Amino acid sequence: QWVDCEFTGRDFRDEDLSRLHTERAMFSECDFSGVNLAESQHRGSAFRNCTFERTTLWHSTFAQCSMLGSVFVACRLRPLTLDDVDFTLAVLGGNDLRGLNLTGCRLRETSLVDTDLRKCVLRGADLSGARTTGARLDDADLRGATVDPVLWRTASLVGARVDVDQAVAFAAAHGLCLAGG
């Protein structure tokens, strides 16, 4: 149980931090590649510019946490509990985050290149400036989420759930101009 402590440039490569608990712990540029963080729980922790290469995170809970700038590569992220998680400028490209609930998560400037977000729930998620080339959002629920016109044109969105307002934004991303009655 790491509480109210900082860490920087710390190397945790290949260690077993199962069931780990942290509270207001802040890590910067730490490497957790190969680490097993299954069942871990974190409250108000920050993972600024950290590396999670082949990191195991399933069945974990992150509440009010920051993932600013971190790089996730082929991680086991499902299931997982992200309640108020900031993924600003993070890289999740290539990862499989299928069926994960990402409601109210900050995905601003987040890399989602070839990220598998199928059947994900992104209601109200801020996806502004996210790089989504090759991103898979099929059957995802985007209702109320904040998305730029580039997503509405480069993401497979088959069976993806959107609202009327978003129906209009998606149409203008393709050239149509709304005029009504």
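Residues carry their position along the shown sequence, with the first being 1.
For the pair 34-42 and 110-118, the mean Cα B-factor is higher in 34-42. As listed in the deposited structure, the average C-alpha B-factor of 24-32 and of 124-132 is greater for 24-32. Sort the chain's modelled residues by C-alpha temperature factor and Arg153 lands in the middle third, per the entry.
For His59, the recorded CA temperature factor ranks within the middle third of the chain's modelled residues.
Annotation for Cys75: C-alpha temperature factor in the middle third relative to the rest of the modelled chain, per the entry.
Ranked by Cα temperature factor within the chain, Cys105 sits in the highest third according to the deposited record.
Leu82: CA B factor lies in the highest third for its chain, per the PDB record.
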